[PDB]
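Coordinate-derived values only; no laboratory data. For neighbour counting, all protein chains shown are included, and Cβ atoms are generated from backbone atoms with ideal geometry for every residue, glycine included.
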Amino acid sequence: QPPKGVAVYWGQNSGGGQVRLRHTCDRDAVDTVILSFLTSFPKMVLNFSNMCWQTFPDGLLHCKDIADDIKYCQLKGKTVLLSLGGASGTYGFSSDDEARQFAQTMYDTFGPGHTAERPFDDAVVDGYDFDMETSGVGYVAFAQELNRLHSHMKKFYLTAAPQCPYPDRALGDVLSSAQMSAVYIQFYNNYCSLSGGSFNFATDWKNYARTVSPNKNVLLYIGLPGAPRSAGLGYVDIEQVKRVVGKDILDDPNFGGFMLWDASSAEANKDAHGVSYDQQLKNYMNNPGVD
């Protein structure tokens with residue numbers, strides 16, 4: 001469902017010099033931007049790091065500049081998702097019922113519905129990304145209800161960002177039980193990075209897409225660190241990416257492209273030609289070369 005190419009997270013400022021969302025959507029290297037994050041739910045807390053400090057009277061972030069940049073990104077043909085969780089998230093449901101209600105909350109707060117306090121006002125995100133790194137109750141009920149509620153929009157995407165070890169303990173049930181538009185696999189901070197010697201995109205995850213995923217058209221993205229500073233381990237130079245991501249992968253029907261943690265990080269990390277890491281990857285996908 002989503003555009004193949006390069007997907008970047010934005011909001012948490014891995015680089016250090018993160019600027020407005022609009023700047024990222026001006027880059028031809030980028031096709032999908034993922035707002036990081038709704039760090040808590042169903043008691044909602046937003047956190048965009050250095051980019052939104054105003055609130056509504058109840059403490060919820062009110063992000064006028066991001067709202068404008070969402071509309072602007074969409075106008076530039078980019079897909080904009082909102083991501084839930086993150087490693088520093090505090091989140092969980094007490095039941096499937098609580099999970100189903102909160103889907104409605106999401107429809108009304110961030111989606112096409114209405115409510116008094118919308119952090120992005122009239123801007124409407126194209127979809128949600130599950131980035132819970134811990135196991136919890138009601139994830140499958142949550143995913144399904146979001147799909148049902150949002151199934152009348154023109155473009156709606158439900159994605160998740162499991163880590164590379166298969167099965168993913170946090171999100172495996174969602175991944176096996178719900179219709180996923182795309183999966184941004186984190187090949188970092190674990191043994192199955194691109195550098196470790198145990199890269200598992202073409203084994204476990206390809207198997208996932210072919211025999212497990214409810215949605216047979218699911219796009220799998222290779223999630224990479226944007227810079228050495230964006231993970232404990234897993235960062236690879238483009239030469240290393242090329243060695244391990246060959247024609248077999250690049251030409252797979254279920255290969256979506258590359259995810260990056262994150263935009264600020266990928267942009268600042270430049271090669272000797274002054275080309276940024278997101279662009280290197282894009283250039284690679286467009287003109288793989290031969291080997």
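Ordering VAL183, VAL174 from the fewest to the most neighbouring beta carbons within 10 Å gives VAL174, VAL183. Building the convex hull from the alpha-carbon atoms of the chain and averaging its projection over directions returns 13.9 nm². Taking other C-beta atoms within 10 angstrom as a stand-in for reagent exposure, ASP96, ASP129 fall in the order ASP96, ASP129, fewest first. Among DSSP bridges having both ends in the chain, what percentage is antiparallel? Round to the nearest 5. Beta bridges within the chain, antiparallel portion: roughly 10 percent.
Restricting the range 1-79 to chymotrypsin sites (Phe, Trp or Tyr not before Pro) that sit in a DSSP loop and have at most 15 other Cβ atoms within 10 Å of their own Cβ leaves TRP53. Placing +1 on each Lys and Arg Cβ and -1 on each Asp and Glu Cβ, with no other charges, gives the range 168-291 a dipole about its Cα centre of roughly 140 debye. Length gained on full extension, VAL45 to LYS242: 67.0 nm, using 0.36 nm per residue less the C-alpha separation.
Here the residues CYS52, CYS25, ranked from fewest to most Cβ neighbours within 10 Å of their Cβ, fall in the order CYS52, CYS25.
For the chain, set up a GNM with springs between Cα atoms under 10 Å and report which of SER40, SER49, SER88 has the largest fluctuation. Checking each option, the largest mean-square fluctuation is seen for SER88. Less than 5 angstrom separates the built amide H of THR55 from those of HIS62, all sequence-distant by 5 or more or on a different chain.
Electrostatic bookkeeping for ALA123 treats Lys and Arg as +1 and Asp and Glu as -1; over the other residues with beta carbon under 9 Å from its beta carbon, the sum is -2.
Dividing the summed -39500 (n - 2.57) terms of all DSSP H runs of n ≥ 4 by the residue count of the chain sets its mean residue ellipticity at 222 nm at -7500 deg cm²/dmol. Rounded to the nearest 20, the size of the Cβ-charge dipole of the chain about its Cα centre is 420 debye, with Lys and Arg at +1 and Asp and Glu at -1. Local charge for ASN254 was computed over the other residues whose Cβ lies under 14 Å away, with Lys and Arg +1 and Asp and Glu -1, and equals 0.
Report, in degrees rounded to the nearest 10, the 0 to 90 angle that the Cα long axis of helix 96-109 makes with the longest principal axis of the chain. Result, in degrees: 90. Can you tell me how the range 53-159 classifies by the Cα gyration tensor, rounded, prolate or oblate, using a/c under 1.5 as the rounded cut? Since a/c reaches 1.5 and a/b is larger than b/c, the shape of the range 53-159 is classed as prolate. Of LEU250, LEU38, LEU281, which has the largest mean-square fluctuation in a 10 Å C-alpha GNM of the chain? It is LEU250. Listed by chain and number, the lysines placed with their C-alpha closer than 16 angstrom to that of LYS155 are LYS4, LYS71, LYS76, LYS78; residues fewer than eight positions away on the same chain are left out.
Each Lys or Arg adds one and each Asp or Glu takes one away; over the other residues whose Cβ falls under 15 Å from the Cβ of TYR188, this sums to -4.
Rg/Rh for the range 171-291 (Cα atoms only, Rh after Kirkwood) is 0.96.
Restriction of the trypsin sites (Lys or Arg not before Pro) in the range 85-161 to DSSP coil positions whose beta-carbon has at most 15 other beta-carbons within 10 angstrom yields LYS154, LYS155.
Roughly how many nanometres apart are two label points built 7 Å out from the Cα toward the Cβ at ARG169 and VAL275? Each label point is offset 7 Å from its Cα along the Cβ direction, giving 4.0 nm.
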